[PDB]
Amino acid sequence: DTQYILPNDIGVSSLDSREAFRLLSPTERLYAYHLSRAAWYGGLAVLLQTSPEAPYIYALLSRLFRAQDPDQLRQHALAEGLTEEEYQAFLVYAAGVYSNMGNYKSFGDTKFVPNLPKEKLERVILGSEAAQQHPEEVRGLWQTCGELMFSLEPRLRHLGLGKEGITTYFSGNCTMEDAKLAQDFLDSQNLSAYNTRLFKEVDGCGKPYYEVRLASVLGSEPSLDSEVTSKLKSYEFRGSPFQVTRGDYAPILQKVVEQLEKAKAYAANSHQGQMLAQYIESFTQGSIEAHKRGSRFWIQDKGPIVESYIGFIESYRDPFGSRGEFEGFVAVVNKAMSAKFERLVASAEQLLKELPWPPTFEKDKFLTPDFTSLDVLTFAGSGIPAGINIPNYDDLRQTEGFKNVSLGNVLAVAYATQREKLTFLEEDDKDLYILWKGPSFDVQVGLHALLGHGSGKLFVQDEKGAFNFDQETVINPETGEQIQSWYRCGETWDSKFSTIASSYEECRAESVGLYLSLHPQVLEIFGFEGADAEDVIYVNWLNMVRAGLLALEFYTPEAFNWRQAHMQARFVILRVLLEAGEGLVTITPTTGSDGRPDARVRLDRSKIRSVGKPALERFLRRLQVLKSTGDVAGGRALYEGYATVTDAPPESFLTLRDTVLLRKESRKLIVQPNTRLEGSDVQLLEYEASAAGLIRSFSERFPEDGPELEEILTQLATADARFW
């Protein structure tokens, strides 16, 4: 209900993984065991990539919940003067920090604080069992992270660069200008930014010193590798001093490679063995190239029983948008739910022609992709998506291929809603929503990954004046002229578009989903025919239009900034459909039954094909054209135009935003199981779908080196404390 806090009655759901794990053989279970441990180890690094006080908070909660479980601590907290409501407010906060790996929402980039008096929480922590065993370490942690745990200062509320927000990808004094200057240095030296962080210090003179730190086990000492050690030196780029170092998250990544080497023994085949071998070299040396060679082998391993991927992958939480956050997952293939996605792959090449742009802007060769539905056993990091299109390396997607994944047992969690909280919808459309939101979601996921992220040709010029296309015959469908802009060497998608790169691509993918959901052949693949085939279409469009209005929750007017890539992408689509007008979609502010400001959303079912389809057809073409040519100047002019949030009539979005926030619902928390090793057999441990259940899953998550992982996080945070 209130911003920057988590509700006591927040939804918690346990991830269902019992049946998938039961199908695994003894060898595959040991394979999934060590990979899970590796992922959970590396997921701790997200704490260091979130906020300065995040590692201290985890360390404090970890110690605290070790000596006293949630039920034991309850007896203490209530005897100290806390009400049952206040204690639940602390459990929810603790579960939030665990589930996000930090005190900032992974979906919204907003700070959340405990919903209880700080003076009352101090009397509990300082009087706890963990405080009686190790007084110096508990009082030290609370002294350091106590203030920032509750502080809702305007500059602390959102993630971002400059003095506007908080980020640990960069130092405190860094701005957008520093981030762009760094990107040019990385492009010049042909070094990726996925596993790098930037720090800026000043000397007695005042000259800024830039330090690009690679994430690796090894440090300044010489190693066998010559790839990255040749780069570990001082530079001078455009007058600015640049130092390339490594050793970031070294003790943590050390834990990771230990579990990856153990998981190598139980590899199903030679591809998985070489795959894990390169990941080890990537995490020990700090080589993205090594990780790319490992990802290359991963794509070659088609249709495994235990699917997995690890490393610094997605770049959403980076305010500049090129640095990756650590994640990693282990999942079991589900043959039943994967059947429908395989049919879509069979006719994928056929559906690409239906896209609103000439074949000169599509990939040269159609590489047969692998689309599988998986049951997640483990997903470390800030959150859990519904679908992923990995790897993110643009070069690999154009010569090797890629993998599409649909997280099956995660979709079942999302498929749960009462018609009471289905806001901004008429009661007539409420029923149609519930009956089809489930099935129509599967359609949108498939197109978003396979035909959305999977389509696109990037024009690249070689080191010499050699293009990967025919300049003499390729004509721009919007201007009519020949191509006069392209990508160069080192320049990637995230390199040029940066701050909009993520949201731009998700919007181009979501649009493909809506555009190709009209095709009857696609609906037949999911088994939707006749009137039902029309109903899944209307809902797929109704959900999109509604989501565009609900996206105002994730926009900050004072900074004119979007905090969520997908939500911004859905607001843009809403604006495009409004641009067409003709009564296709209207947002009317009304009054709720509770006597509070509310709104309603009308979507004309008939004008979808005659007005909506041509609207997306133009928009999708303009998106792809400015993307393929790397026309960033034009791309921002287009995207940041529709992304503009104003109080202009008749929509008045800024006024609606206060209505969206007034009637918003917090995102569900998800509890993941733990795998235990009984010497001979591997068993699965499940937990309660509650705040206390989520806490217990992390208390039993690191049995061997629990207290050790706390000291490591405290160490690494204390070292870089001067940066913030």
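Throughout, rigid core stands for the largest set of C-alpha atoms superposing within 1.5 Å between the two forms. Numbering starts at 1 and runs along the sequence shown.
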Core-fitted comparison in 5 other deposited structures of this protein, 412 to 420 vs 577 to 585, farther C-alphas | 412 to 420
After superposing on the rigid core, the stretch whose C-alphas lie farther from this form in 5 other deposited structures of this protein, comparing 323 to 331 with 524 to 532, is 524 to 532
Of 296 to 304 and 112 to 120, the one with larger mean CA B-factor = 296 to 304
Per the entry, higher mean C-alpha B factor between 579 to 587 and 622 to 630 | 579 to 587
By the entry's C-alpha temperature factors, tell me which of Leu156, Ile280, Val572, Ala348 sits highest.
-> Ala348
Going by the CA temperature factor in the entry, name the top one among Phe554, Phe653, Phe379, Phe526.
-> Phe526
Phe497 - Cα temperature factor, lowest/middle/highest third of chain | middle
Ranked C-alpha temperature factor of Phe242 among modelled chain residues, by third | middle
The third of the chain into which the C-alpha temperature factor of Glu129 falls is the lowest
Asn476's Cα B-factor: lowest, middle or highest third of the chain?
-> highest
State the tercile, meaning the lowest, middle or highest third, of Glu86 with respect to the CA B-factors recorded for its chain.
-> lowest
